[PDB]
Number of protein chains: 2
Amino acid sequence: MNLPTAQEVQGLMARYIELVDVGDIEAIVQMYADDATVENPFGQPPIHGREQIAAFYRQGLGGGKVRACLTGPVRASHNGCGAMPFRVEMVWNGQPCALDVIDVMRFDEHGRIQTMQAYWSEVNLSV
Amino acid sequence: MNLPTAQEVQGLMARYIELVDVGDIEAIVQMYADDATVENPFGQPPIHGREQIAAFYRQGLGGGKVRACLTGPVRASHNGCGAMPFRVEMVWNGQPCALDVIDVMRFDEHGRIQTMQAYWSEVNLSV
Ligand SMILES: O=[N+]([O-])c1ccc(O)cc1F
Ligand SMILES: O=[N+]([O-])c1ccc(O)cc1F
């Protein structure tokens, strides 16, 4: 891939959510640039690089069942960026919660995620 | 208002949509900082300041039948930012159409919008 087109961004971002839903940590990490950053939630310091990003996804998706689904269409740009709304369902203390999130991503000139920013706060959690 | 809290961001960003929906250009412009920027769509160069911003809203809201509604919750941060998904219904050449958008906003230390970025492309328009 080169810089993804708007259409390619929609496909990549939807792919990403599919990978989160099934919980394929290694497949998620490979979507990222080797030196990518993740800010989760937006407002917290970034994490840097695939090792730290893999640890992030392992922490969240490693154990119990997690589901994730788009809750509206991906909004893509013509500069390799996009934003998408989704919901993550998880068990927290035997307690089924849901978290509503919007991710903003920028992709590099190879089609990998260079930056991810996850907008949400505790008000977006529901038990 | 100081830097808005996550709850305050949710209220402001929801109010913004209510004002787009009712078509109140002056009330929208008043929500922006005097030297704010708007990037619409994200990927295009920013416009700057209340005069340019007012001209943007007036193009669309002055006389057109326009409705706008959140299509999911506002995702707020603890650093005065947020992101929200919504749909704008408008009329184009006598055709009803809908545009799916995500706005990302950063508010200043006075509770006014410092930056707005509207993610969407042609793939988000339905005629
Ligand atoms: O559950 N999260 O905090 C979460 C945040 C952003 C993501 O892109 C995926 C996720 F699972
Ligand atoms: O129709 N738009 O392009 C549009 C974009 C962003 C907005 O905050 C409002 C709008 F009506």
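Below, chains carry the letters A, B, ... as their sequence lines are ordered, and counting in each starts from 1. Computed over heavy atoms, backbone and side chain alike; hydrogens, waters and symmetry mates excluded.
- Scanning all heavy atoms of the two residues, the minimum distance from A:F56 to A:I47 falls at CB-CD1, 3.7 Å.
- The side-chain heavy atoms of A:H48 and A:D35, taken from C-beta on, include no pair separated by under 4.5 Å.
- Side-chain contact between B:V101 and B:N124: absent, with no pair of heavy atoms (C-beta onward) separated by less than 4.5 Å.
- Of the possible polar contacts, none joining the A:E18 side chain to the A:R15 backbone as a donor-acceptor pair under 3.5 Å is found.
- A donor-acceptor pair is defined here as one N or O able to donate and one able to accept, closer than 3.5 Å; no such pair exists between the side chain of A:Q30 and the backbone of A:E26.
- Contact annotation: the side chain of A:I17 never approaches that of A:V74 to less than 4.5 Å [non-hydrogen atoms, C-beta and beyond].
- Checked options B:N2, B:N79, B:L12; the residue passing with B:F107 is B:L12 (criterion: side chain to side chain contact (heavy atoms under 4.5 Å, CB included)).
- Following chains of ILVMFWY side-chain contacts shorter than 4.5 Å, one cannot reach A:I102 starting from A:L99, and the two form parts of different hydrophobic clusters.
- The shortest non-hydrogen separation linking B:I53 to B:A36 is CD1-O, 3.7 Å.
- Looking only at side-chain heavy atoms (C-beta outward), B:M105 and B:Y16 come within less than 4.5 Å of each other.
- No more than 12 heavy atoms of other residues, nucleotides or ligands sit less than 6.0 Å from atom CD of A:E51.
- Within the 4.5 Å cutoff, no side-chain heavy atoms of A:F42 are placed close to those of B:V104.
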Distance-only donor-acceptor pairs under 3.5 Å for side chains of residues 83-95 of chain A, two or more places apart:
from	atom 1	to	atom 2	distance (Å)
A:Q95	NE2	A:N93	O	2.4

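- Counting non-hydrogen atoms of other residues, nucleotides and ligands closer than 6.0 Å to CD of B:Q7 gives a total of 12 or fewer.
- Taking every heavy atom of both residues into account, A:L61 and A:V66 meet most closely at CD2-CG1, 3.7 Å.
- Two residues are said to be in side-chain contact when any heavy atoms from C-beta on lie closer than 4.5 Å; A:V9 and A:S77 fail this criterion.
- When all heavy atoms of A:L125 and A:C97 are compared, the closest pair comes out as CD1-CB, 3.8 Å.
- Surrounding CZ of A:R50 are more than 12 heavy atoms belonging to other residues, nucleotides or ligands, all under 6.0 Å away.
- A donor-acceptor contact shorter than 3.5 Å links the side chain of B:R75 to the backbone of B:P73.
- In this structure, B:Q10 and B:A76 approach most closely via the heavy-atom pair CG-CB, 3.9 Å.
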Check residues 110-120 of chain B and write down every donor-acceptor pair under 3.5 Å in which the side-chain atom is one partner and the other belongs to a residue at least two apart or another chain.
from	atom 1	to	atom 2	distance (Å)
B:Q117	NE2	B:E39	OE2	3.1
B:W120	NE1	B:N40	OD1	2.8

